[PDB]
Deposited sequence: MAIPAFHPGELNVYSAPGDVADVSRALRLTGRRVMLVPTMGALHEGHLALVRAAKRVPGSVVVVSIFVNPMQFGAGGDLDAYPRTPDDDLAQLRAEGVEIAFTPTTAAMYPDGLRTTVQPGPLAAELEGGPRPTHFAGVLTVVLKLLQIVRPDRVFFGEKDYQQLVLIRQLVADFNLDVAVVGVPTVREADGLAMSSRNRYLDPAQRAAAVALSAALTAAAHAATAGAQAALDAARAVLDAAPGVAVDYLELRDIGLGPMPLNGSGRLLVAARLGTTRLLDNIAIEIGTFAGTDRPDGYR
């Protein structure tokens, strides 16, 4: 078949899975390294950082999937030098309805999977599909949703996928608040209090020279000094989200409700 039109150096928008599949394959054959940046909802600075990270790989072509000013998101992508936007309808992604799906391992039942027990099954299923449509050399996710990032590394490993998963350190507001589309709903008292999540985590990371309990108790003190911050969990795990070893590398994760908004954050921890 003819390869659908692709104009190098321009923003090319495809809604058909088949079309982006054919183009990406044609590009892979001409030498380019295909980079995938999946996105959902309205575009934010976190996504732009994923884009910049992918663009700096030499000979990259950047594919951004968008799976909801939508025209201004596209103008933003063009201004970033993105050459492919993949914009399929729900129908195109699911022409036979919900059928074969991915079932995550037991990690999906933990932490975020407590309030939302089937959320990661849906994420892993759509990510697998995006991975098979585009076949990128590398796929880029923020570390903000660290549990989601870990789950797709497990997906990649367990299903023997050929793709490199790249986690990009979380972009933050100037006071530390982790980027998220939810931040826009916070009133000013909520926005001032929400700084406690990141303040607690960075405190814990520095307190960690004094060991794991000192790191945890520092985090909890900072969370305790904030009004209207209902902590759902505060957990120190290994970097794979298994139990924290006695010392070594780890990750500290927090989730909290401020009014009706659920905020999450996490950070690298090194014990002692």
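Several segments of the deposited sequence are absent from the coordinates, namely 69 to 84, 289 to 300.
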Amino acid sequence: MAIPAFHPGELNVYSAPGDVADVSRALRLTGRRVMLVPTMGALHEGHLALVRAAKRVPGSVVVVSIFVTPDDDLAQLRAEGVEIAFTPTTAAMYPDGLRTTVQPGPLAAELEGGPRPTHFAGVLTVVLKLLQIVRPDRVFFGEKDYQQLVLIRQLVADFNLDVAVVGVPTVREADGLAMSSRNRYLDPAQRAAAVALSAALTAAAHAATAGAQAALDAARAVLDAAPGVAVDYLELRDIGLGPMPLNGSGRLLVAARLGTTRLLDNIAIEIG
From here on, numbers count along this sequence of modelled residues.
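Note that the rigid core is defined as the largest set of C-alphas that superpose within 1.5 Å between two forms.
Superposition on the core shows that, in 9 other deposited structures of this protein, the C-alpha atoms drift more in one of 35 to 43 and 232 to 240; this is 35 to 43.
After a core fit, the C-alpha atoms in 9 other deposited structures of this protein lie farther on average from the shown form in one of 243 to 251 and 203 to 211, namely 243 to 251. In this crystal structure, the stretch out of 146 to 154 and 104 to 112 whose C-alpha atoms carry the higher mean B factor is 104 to 112. Look at the C-alpha B-factors of 55 to 63 and of 241 to 249. On average they run higher in 241 to 249. Of the candidates 208, 231, 42, 35, the deposited coordinates give 42 the top C-alpha B factor. Of the residues listed, 160, 76, 170, 132, the entry assigns the biggest Cα temperature factor to 76. Among all modelled residues in its chain, residue 2 ranks in the highest third by Cα B-factor. Ranked within its chain, residue 254 lands in the lowest third, by CA B factor from the PDB record. Residue 269 sits in the middle third of its chain by CA B factor, as recorded in the PDB entry.
When the modelled residues of the chain are ordered by C-alpha B-factor, residue 89 sits in the highest third. Among the modelled residues of the chain, residue 204 sits in the lowest third by CA temperature factor in this PDB entry.
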